[PDB]
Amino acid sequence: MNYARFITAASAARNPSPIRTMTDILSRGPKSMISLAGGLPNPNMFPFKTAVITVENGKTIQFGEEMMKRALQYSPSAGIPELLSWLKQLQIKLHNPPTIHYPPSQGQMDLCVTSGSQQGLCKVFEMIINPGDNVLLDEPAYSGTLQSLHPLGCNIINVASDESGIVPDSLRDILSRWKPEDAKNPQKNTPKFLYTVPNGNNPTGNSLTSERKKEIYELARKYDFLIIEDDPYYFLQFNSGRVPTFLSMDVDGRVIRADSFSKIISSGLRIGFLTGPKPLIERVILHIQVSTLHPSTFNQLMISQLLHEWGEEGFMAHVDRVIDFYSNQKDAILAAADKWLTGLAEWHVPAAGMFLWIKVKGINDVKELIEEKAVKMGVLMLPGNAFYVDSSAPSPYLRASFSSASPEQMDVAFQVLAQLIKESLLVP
């Protein structure tokens, strides 16, 4: 593939740090080397000495004197080597990407640890988007993505979707305005990429099927666009097993995948990872180098130590317990919606994640009913407006999270909503 056409002039202009050549020559010189090269501060000046972190339950992560000095010091831009190698093997085990052994220039599978998956996505959007470029996505979409794309000056083209996510026939119809050969044409503006959240879309809770992913991938090949697979709910699917990902079917090296530890390990530690073709991942790493430099070494070492002790089996057993908890939370929110909202609202059973997307029946805009009337009654939900490119347009939808509230709290919240629907209906 020609990666240069999916890279801005600014992104292509990025050069590596002078410390890259120094690290490459460090592995080509003697063993007992003296370095006065790096701008590394003295680790003995740091006030934190050792650390003990207890793990669920009875287990213990310990940072001795030397490990603590490493944790408090600068580390590689793409992430610590032990976390990268464990994650690489996880990706091979979970997705077996076709690109593992491709030459670097042909999109060889590459990884980098990011400060949450949001950082990876942002660098990816900034690497690709020139003002006026065309991008594809299905609305309602994650507000963070829309807020990230809005300043970039791109035209966002909405792809139709249903309970099984993106409708491939709608994507087929949209793309028919171009001819496949337009992707090679400098005077044509064929879409740079398709962005999607394939499992438990934020805010709908809907997931793509394997069949639909195969059809979407074939259209991405035909019109030569990238697939940005933002999958933070991959490890939060309600069904047993896992639907094959876009990365698993990536024969062309056209998929950039974002994974997150936010919903399973910790959101506050800011650790996620990007998997994709080496020429694109390299552009992202060069941008990280001049911004955050690297993700927290301390946080990476905590997660790396946990993952190595658990192994892939202990990791998957932990995700299984997390899924079990969210599955019960999902049943409790569905039971509250059944009790109070039957006849008043419409909702689908979410396939993954932590949200219930509710459509209020005889109301055009839910914003004032929620942002004002519901708050006064002691209940807060998110109005749907925030999940569309045109956020000023009226929305009868609301997003309700089932991650934290108790069944009794959900019952209170839904009873209130039901009376406010009956209130906004009897108004002349």
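Throughout, we count residues from 1 along the sequence that is shown.
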* **Other entries modelling both neighbours but not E372, at least a third** => yes
* Asked: Should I25 be counted as unmodelled in at least a third of the other PDB entries compared?
  -> yes
* When the C-alpha temperature factors are averaged for each of 178-186 and 263-271, which stretch ends up with the higher value in the entry? -> 178-186
* Structure fact -> Per the PDB entry, mean CA B-factor is higher for 419-427 or 1-9, namely for 419-427
* Go through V290, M249, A335, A258 one by one and give the residue whose Cα B-factor in the PDB entry is largest. => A335
* Asked: How does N328 rank on Cα B-factor within its chain, lowest, middle or highest third?
  -> highest
* Which third of the chain holds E139 when residues are ordered by C-alpha B factor: lowest, middle or highest? -> middle
* Structure fact -> Split the chain's modelled residues into thirds by Cα B-factor; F315 lands in the middle
* Asked: Lowest, middle or highest third: where is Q300 by Cα B-factor in its chain?
  -> lowest
* By its CA B factor, does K93 count among the lowest, middle or highest third of the modelled residues in the chain? -> middle
